[PDB]
Every structure is written in structure tokens, then in C-alpha cells.
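Here's the structure we're looking at; comments come further down.
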Amino acid sequence: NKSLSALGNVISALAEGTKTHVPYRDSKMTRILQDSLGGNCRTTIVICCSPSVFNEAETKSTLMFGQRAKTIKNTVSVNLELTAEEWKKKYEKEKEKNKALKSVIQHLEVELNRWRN
Amino acid sequence: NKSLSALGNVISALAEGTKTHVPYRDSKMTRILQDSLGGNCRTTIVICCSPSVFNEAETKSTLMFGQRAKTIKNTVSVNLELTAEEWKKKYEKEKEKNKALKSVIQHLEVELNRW
Amino acid sequence: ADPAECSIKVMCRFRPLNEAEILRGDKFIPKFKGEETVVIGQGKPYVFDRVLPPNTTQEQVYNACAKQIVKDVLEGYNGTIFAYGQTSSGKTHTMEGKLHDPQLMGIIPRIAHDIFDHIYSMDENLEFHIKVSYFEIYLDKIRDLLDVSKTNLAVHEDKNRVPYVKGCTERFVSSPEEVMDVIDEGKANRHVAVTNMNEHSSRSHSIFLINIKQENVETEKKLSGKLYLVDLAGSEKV
Amino acid sequence: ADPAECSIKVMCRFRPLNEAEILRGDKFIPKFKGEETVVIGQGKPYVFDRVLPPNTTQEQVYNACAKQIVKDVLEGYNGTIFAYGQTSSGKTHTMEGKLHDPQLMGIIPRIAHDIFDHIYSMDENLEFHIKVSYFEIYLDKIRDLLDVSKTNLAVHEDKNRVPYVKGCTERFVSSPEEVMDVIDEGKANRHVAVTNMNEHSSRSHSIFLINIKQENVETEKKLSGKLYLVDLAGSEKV
Ligand SMILES: Nc1ncnc2c1ncn2[C@H]1O[C@@H](COP(=O)(O)OP(=O)(O)O)[C@H](O)[C@@H]1O
Ligand SMILES: Nc1ncnc2c1ncn2[C@H]1O[C@@H](COP(=O)(O)OP(=O)(O)O)[C@H](O)[C@@H]1O
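Encoded structure:
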């Protein structure tokens with residue numbers, strides 16, 4: 256187990272807020288789950304455990320993976336399918352607003368300054 | 256020698272740093288060699304020459320033609336067509352700007368209704 | 002638009018004492034308080050999104066852990082459910098269960114039925130394309146379960162820098178039944194080259210991947226979700 | 002965001018005194034210093050990017066001048082090489098030289114070799130598409146060299162305002178062998194209507210144009226570069 260190793264290093268290093276050189280490339284899975292672990296996606300983790308005292312040490316450990324896991328935060332966003340055309344057009348749009356806002360901003364400013372001046 | 260002329264014209268202007276009515280249209284060649292003489296292009300100019308003193312004149316000129324063109328500075332830009340998912344990025348940060356803009360509005364427009 | 006933060010949810014599922022354990026007269030250590038707290042003997046309490054005690058059925062664990070991910074996935078969001086635990090703890094009963102048993106099937110089987118239950122109800126102007134995948138990872142090696150001849154699959158990065166298993170097999174499904182078949186098939190193929198499965202699983206991650214793509218033929222808006230249902234390997238230490 | 006500055010580089014190539022000059026007993030005036038300087042008799046030094054003396058061979062000139070452009074242009078940059086100088090100075094020898102002699106070939110011949118030379122060793126994900134065209138410019142009029150049918154071609158402009166010959170011939174090439182066929186083809190044609198060939202080109206401009214466009218299938222990324230191999234006409238006064 257070097258993937259769980261991988262996994263665990265990913266989580267902890269994520270649980271931090273370090274999210275810088277979080278060892279995604281440490282294993283084949285940490286990369287497949289890269290999205291899942293700290294990005295665009297809604298992740299649920301069903302940590303499974305045994306109720307027996309003999310498994311207590313492991314139970315403890317598992318719980319703590321859950322514990323630390325619960326504090327990771329993903330930035331979820333529906334996935335949109337568009338051609339480059341669409342993306343260039345909508346970008347143009349979101350550039351017309353840019354220009355637009357500018358004026359309104361330079362509007363207020365003038366008044367306040369001007370209004371005041 | 257039209258072409259050579261325009262080329263003459265275009266080089267010396269760029270040489271000077273005048274670029275503004277640098278006479279590219281002075282000829283069809285300079286139009287083609289437009290992006291080459293002051294635009295997006297890594298451009299080399301091998302000025303071949305004769306070693307004979309009997310041609311001292313042109314050579315010298317030719318050296319100067321050569322001297323001039325090295326002072327010209329173009330703007331290199333790989334011509335890489337944007338990815339769909341590349342444009343998509345563009346939009347993305349030009350949306351933060353626009354968000355950061357409404358907030359440069361929000362506060363900026365709070366005082367405005369204060370007075 | 003504007004994407005939102007969202008903590009990763011965590012479910013604590015506890016399994017019943019099993020025949021050996023009972024016989025050895027072991028006692029149940031966990032003490033459950035409410036729906037999301039669990040106490041271990043006399044120590045600080047553990048609090049999770051939900052704490053699923055042993056009597057919580059397969060339906061319940063689906064409804065509290067996966068029912069909402071299918072919905073988000075069909076809408077353009079990427080859902081990922083995974084089982085983490087120690088070997089023999091409960092991951093596989095969770096994720097797969099008694100695969101063809103109505104009472105005891107697990108997440109995968111259930112997500113197989115939900116997705117198409119949802120879809121079939123949608124308006125005909127909504128055109129879905131569900132394509133499944135099924136690989137396993139052993140000693141850092143990815144083996145397509147649907148093409149056992151593929152045994153060192155690579156992970157490349159797509160159009161927008163997103164990790165992914167390249168060259169794996171993609172099956173277009175159109176029913177809960179064609180997905181089951183893909184499950185059945187990879188379940189057998191897993192054997193190919195395996196002397197001991199118990200030992201195998203105990204050391205291998207089984208990764209199921211429902212890849213959804215929806216299109217509105219009216220408004221033309223297109224969206225795509227990546228559903229990752231992972232059944233990891235024992236987490237037991239050194 | 003950004004494009005990078007960097008000036009036109011000028012290489013000065015001196016040719017060895019000719020038989021004819023020889024007999025007369027012409028004096029050899031050039032005086033070279035290091036590898037970038039040169040002075041005539043008693044003047045001020047003219048420094049260029051590089052300066053290739055008479056013993057400079059066609060392999061050195063290319064290595065000195067056109068080795069990089071190919072890499073550049075294959076990266077998506079635009080590349081342009083042109084020879085300048087009075088008639089009988091070396092331009093066509095340098096630009097074209099002995100076209101099929103592996104020792105006495107010039108830039109053009111070598112470039113076509115390198116282009117594919119490279120593409121072979123190049124990434125297996127990106128497909129190429131090289132498009133050459135070959136025309137001359139005499140008396141401000143643009144003659145298609147792969148079609149003596151066209152004789153008054155016109156310069157138009159593309160979407161981002163960059164000029165270019167209109168309705169010229171465009172030949173797709175996937176090999177150095179093919180590229181030289183076009184050069185070969187165009188070298189001949191130029192004869193159509195030419196009385197004495199020495200004079201004409203001595204007074205005409207031949208511009209070979211290679212248009213390389215590549216696209217990684219894997220990441221989709223599409224690239225493009227334009228190569229303009231131009232041999233100017235005699236620069237002499239009067
Ligand atoms: N009768 C039962 N009712 C409910 N859950 C049961 C029952 N018997 C066993 N289990 C549980 O026992 C575990 C058996 O699977 P398990 O050994 O834990 O899989 P893994 O080897 O993936 O960890 C399942 O995780 C599950 O929660
Ligand atoms: N180093 C060299 N050795 C031998 N011949 C040379 C050399 N450099 C140039 N030339 C050749 O090129 C020719 C010079 O004229 P030319 O190529 O026709 O140039 P252009 O018409 O462009 O000035 C000479 O006739 C000769 O064959």
C-alpha cells in the first residue's frame with residue numbers, strides 16, 4: 256500500500272490548506288481522484304469500520320482519516336460543453352459588460368468627485 | 256526598382272523608430288514582407304557581398320543596409336490557436352475582473368446613496 | 002458564473018460483529034449518539050456527516066450517501082463516492098453488496114437503477130449518453146477489467162489538465178441492466194490471473210466510472226458529469 | 002499579457018573573388034575581425050550578428066543562418082530569410098545554390114530537408130500540413146510560378162489585417178522530395194516569356210513560401226508558422 260500512502264498524503268496535505276504540491280502524482284489513483292480529492296466535484300467518503308476491540312487500533316486510524324477528510328473543501332461547478340466558438344463569443348460578451356461597467360464606474364467617480372468632484 | 260525602394264523606405268523608417276506611415280504600401284512586396292519588417296516574425300537577412308574593390312561602393316551601401324535592419328525590433332508571438340477550453344479560461348478570469356469590478360462599484364456606490 | 006465551496010462529506014458505517022467475533026465473545030465498542038456522532042469507549046466523540054450503525058440497511062446508506070450525487074451528476078456536476086476502511090470492515094458490502102439482490106445490493110447497483118430511473122422520466126428533449134468504465138489498480142498498475150489484456154494503462158491529462166485513465170474500455174449503456182452486465186463482466190475478468198481474490202481485493206482498488214453527458218436539443222445547452230464510484234484497498238497498517 | 006521583442010539579425014556573407022575578377026587582379030578589400038566584424042581598408046567597423054568569409058561553405062551559412070528558423074517556425078513562430086546585395090554577389094547561390102548537390106545546396110534545399118527531418122522525430126500526437134506556394138515579383142506585378150497562366154496576382158488581407166498574395170497556387174507537401182519538385186517546377190516556368198534569364202531575375206524577386214500548421218490530436222492545440230524564403234533582385238545603383 257503506497258496508493259493509500261499516496262491517498263493519505265493527499266488528504267492530510269489537503270486538510271491543511273497547503274494545497275501546494277499536494278502529492279497528487281504520488282500514485283496512479285491520487286491522480287485519477289485528483290478532481291475528487293480537491294477540485295470540481297462533490298465527494299462523499301463512506302469510511303468502513305469494525306466494532307470489535309481487536310480492531311480498535313485500526314478503527315481509530317480509519318476514523319481519523321474521516322476526521323481530517325471532513326475538512327477538505329471542493330470548488331464545485333456544473334460542467335458546460337461548448338465549442339471554442341461559443342467560448343470566444345461568451346468571452347466577448349463578458350468583455351462587453353467589462354467595458355460597460357467601466358463607464359458606470361467612471362460615471363459615479365466623476366459625479367462624486369464632480370458631484371462633489 | 257520599386258520593390259527595393261519600398262524596402263529601402265520601410266527599413267530606414269523602422270531603423271529610426273518612426274513606424275507611423277512606414278511605407279509598406281509603397282509596393283506589393285513590402286506588403287507581403289509587412290509582418291516580416293516590423294511585426295510578428297523572427298527574421299534573418301543574409302547580405303551577400305563581393306570582395307572586389309571594384310565594387311567597393313555597393314558593398315559599403317549594402318553594409319549600411321545591413322547596419323540599418325539590425326536596429327529594427329519585431330514582436331515575436333507563437334501563433335497558437337486558442338483551445339475551446341482555453342478561451343473558457345479567458346472568460347473565467349475576465350469574470351473575476353468583472354466581479355471585482357461590481358465590487359469596485361458596490362463600495363464606490365455605497366457613498367453615492369449615502370449622499 | 003460562480004462556483005461554490007463544499008466540504009467533502011464523510012459517512013461512518015459500522016459493521017456487525019461477525020460469526021468469528023461473536024464466538025470469541027467480543028463486545029461492541031462503539032456507542033452511537035444521534036445521527037452523526039460516535040463514541041469509542043471513554044474518549045472524545047467522533048462527529049461525521051452521518052454515522053451509519055450496523056442496522057442501517059443498504060437502501061438507507063444509499064439514500065444518505067449517494068441518492069443526491071446521482072442527481073448532481075445528471076445535472077453537470079462531478080460526483081465521487083468511495084469506500085475507505087480496513088480489510089473485512091465493509092467497503093465492498095457498501096459499494097457493491099449482493100449485486101443482484103433487491104434487498105442487499107449496494108451503491109453501484111443502486112446508482113445503476115437511479116440514473117436510468119431519473120433519465121427515463123425526463124423530457125424527450127433531453128438526450129443522455131451514459132458510458133461506463135471498469136478498471137482495477139494493483140501495485141500501482143491499472144488493469145482494465147473489461148479488457149484483461151490491457152494491464153499497464155497510463156493516466157494522461159485531457160484538454161483542460163484533468164487526470165484520466167487513457168485507453169481503458171468505454172461501454173455505452175442504455176439501461177440499469179446493461180450497466181449490471183458491465184459489472185458482472187469485470188467481476189469475472191478480475192479473476193483472470195488471480196490465485197487468491199481475497200488477497201487480491203485486500204490489496205486492489207476497484208474503480209467504476211459512469212461518464213454522463215446530457216444535451217438539450219431545444220436550447221442546445223450541453224453538460225457532462227463524471228461519477229467515480231471507488232472501492233479502495235485495505236488500509237491496515239504495517 | 003505577452004509577445005517578446007528581439008531584432009532582425011543580419012549576417013554578412015562575402016563571396017570569393019571570381020575568375021573574371023581574378024584575371025583583372027582585383028584587390029581584396031574586406032578586413033574581418035573575430036566573427037561579427039569587418040572593415041573595408043581604412044573605415045569604421047560594420048558589426049553584424051555574424052560574418053561569413055569566402056571560405057564559408059553552404060553548410061556553415063545554413064548553420065549560421067537558417068538552422069534556428071526551422072525550429073522557430075515549427076514552434077508556431079513566423080520565419081523569414083532573404084538575401085540582399087548587388088547582382089552577381091551570391092544571393093541565389095546562397096538562397097538556392099546547386100539545388101540537388103548535397104554539398105552545394107543552399108538554404109532552401111536544406112530547409113525542406115530539415116522541416117520533415119524534424120517532423121519525423123516530432124511528437125506523435127500532432128498532425129502537420131505544410132502548404133507551399135512559389136511566385137515572383139517583377140515590375141511590382143506578382144507572377145504565380147506554379148501557373149504561368151496567372152500573371153497579375155493581387156495582394157489581399159486576412160481577418161487580423163496581414164497581407165498576402167491572393168488566388169496564388171497552394172501545393173500540399175509531406176516530404177522534402179515534394180518540396181523540391183515545386184522549386185524545380187517553378188524554376189523552370191520562370192522561363193516562360195523570359196528572353197535572357199540572367200537579366201530578368203537579376204531584376205526580379207522570387208519568394209518561396211512554406212506554411213506549416215500543426216495540431217496535437219491529444220490536447221487539440223493547433224499551431225501555425227509561416228516561412229518566407231525570398232531572394233531579392235539585384236540591389237545595384239542606377
Ligand atoms: N448480515 C449483515 N448485515 C449488514 N451488514 C453486514 C452483514 N454481514 C456483514 N456485513 C458488513 O460486513 C462487511 C463485510 O464486507 P467487508 O469484509 O467489510 O468488505 P472489505 O473487505 O471491502 O472491507 C461489509 O462491509 C458490511 O458492512
Ligand atoms: N564561394 C563560391 N565559390 C564558387 N562560386 C561561388 C561562390 N559564391 C558564389 N558563387 C557562385 O554563384 C555565382 C555568383 O552569382 P549569382 O549566384 O548568380 O548571384 P546573384 O545573381 O544572386 O547575385 C557565381 O557565378 C558562382 O558560380
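Chains as they are written, first to last, in PDB author numbering: chain B, 256 to 372; chain D, 256 to 370; chain A, 2 to 239; chain C, 2 to 239. By construction, the Cβ of each residue, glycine as well, lies at the ideal position given by its N, Cα and C atoms.
The beta carbon of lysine 142(A) sits no closer than 8 Å to any beta carbon of chain D. Cβ proximity to chain D below 9 Å picks out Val62, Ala65, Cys66, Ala67, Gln69, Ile70, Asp73, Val74, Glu76, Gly77, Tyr78, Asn79, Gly80 and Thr81 from the segment 59-81 of chain C. C-alpha of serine 175(A) to C-alpha of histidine 119(A): approximately 13 Å in a straight line.
Per DSSP, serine 282(D) is not a residue of any alpha helix (DSSP H), being assigned neither H nor E. Counting only Cβ-Cβ distances below 7 Å, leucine 367(D) has contacts in chain B at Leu363 and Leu367, in chain order. Beta-bridge partners of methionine 96(A) (DSSP): none assigned. Taking a beta-carbon distance threshold of 8 Å, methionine 12(C) counts as an interface residue toward chain D. Going by beta carbons, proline 46(A) and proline 17(A) fall outside the 8 Å limit. In the displayed model, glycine 226(C) falls within a strand according to three-state DSSP. With respect to the 8 Å criterion, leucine 75(C) and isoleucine 213(C) are classified as neighbours on the basis of their beta carbons. With a cutoff of 8 Å on beta-carbon distance, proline 164(C) and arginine 286(D) are scored as near each other. A buried status is given to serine 134(C), since no fewer than 16 other beta-carbon atoms sit within 10 Å of its beta-carbon. Cβ neighbours of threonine 88(C) within its own chain (closer than 7 Å, five residues either side excluded): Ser203, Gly235 and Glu237. One alpha carbon belongs to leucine 154(A), the other to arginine 144(A), and they sit about 7 Å apart. When the alpha-carbon of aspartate 50(C) is set against those of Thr299(D), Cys304(D), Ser291(D) and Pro306(D), the nearest one is in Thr299(D). In this structure, ligand 1 has a non-hydrogen atom nearer than 7 Å to the beta-carbon of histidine 94(A). Around the C-beta of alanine 261(B), 16 or more other C-beta atoms lie within 10 Å, and the residue is accordingly described as buried. Not a single CB atom of chain A sits nearer than 8 Å to the CB of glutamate 349(D).
Under the 8 Å Cβ criterion, the segment 270-282 of chain D does not count as touching the segment 301-318 of chain D, having fewer than three qualifying pairs. Within the DSSP secondary-structure output, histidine 130(C) pairs in no beta bridge.
Comparing alpha-carbon positions, the option among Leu233(C), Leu228(C), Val239(C) and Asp232(C) lying closest to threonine 81(C) turns out to be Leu228(C). Out of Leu146(C), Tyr63(C) and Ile70(C), the CA that lies nearest to the CA of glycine 98(C) is found in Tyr63(C). Collapsing the DSSP output to three states places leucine 210(C) in a strand. Put simply, the segment 212-226 of chain C touches the segment 336-355 of chain D. At least three CB pairs are less than 8 Å apart.
Among the residues of chain D, those whose CB is under 9 Å from the CB of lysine 343(B) are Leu337, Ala339, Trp342, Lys345 and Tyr346, following chain order. DSSP places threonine 330(B) in no alpha helix (DSSP H) but in the uninterrupted beta strand (DSSP E) bounded by 328-331.
Counted as a single uninterrupted DSSP element, the stretch harbouring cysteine 303(B) is not any alpha helix (DSSP H) but the beta strand (DSSP E) occupying residues 297-304.
Cβ-Cβ separation between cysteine 66(C) and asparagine 329(D): approximately 17 Å, too far for a contact (criterion under 8 Å). Only buried fits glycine 263(B), as 16 or more other CB atoms lie within 10 angstroms of its CB. Leaving aside the five residues that flank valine 11(C) on each side, the residues in its chain whose CB is nearer than 8 Å to its CB run, in chain order, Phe49 and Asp50. Taken atom to atom, the span from the alpha-carbon of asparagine 256(D) to that of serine 205(C) is near 10 Å. In this structure, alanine 84(C) keeps its C-beta atom at 8 Å or more from the C-beta atom of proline 177(C). Exposed is the label assigned to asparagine 197(A), since fewer than 16 other Cβ atoms lie within 10 Å of its Cβ. Excluding the 5 residues flanking it on each side, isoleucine 302(B) has same chain C-beta neighbours closer than 6 Å at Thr317 and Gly321, in chain order.
In terms of Cβ geometry, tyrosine 346(D) and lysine 345(B) form a close pair [threshold 8 Å].
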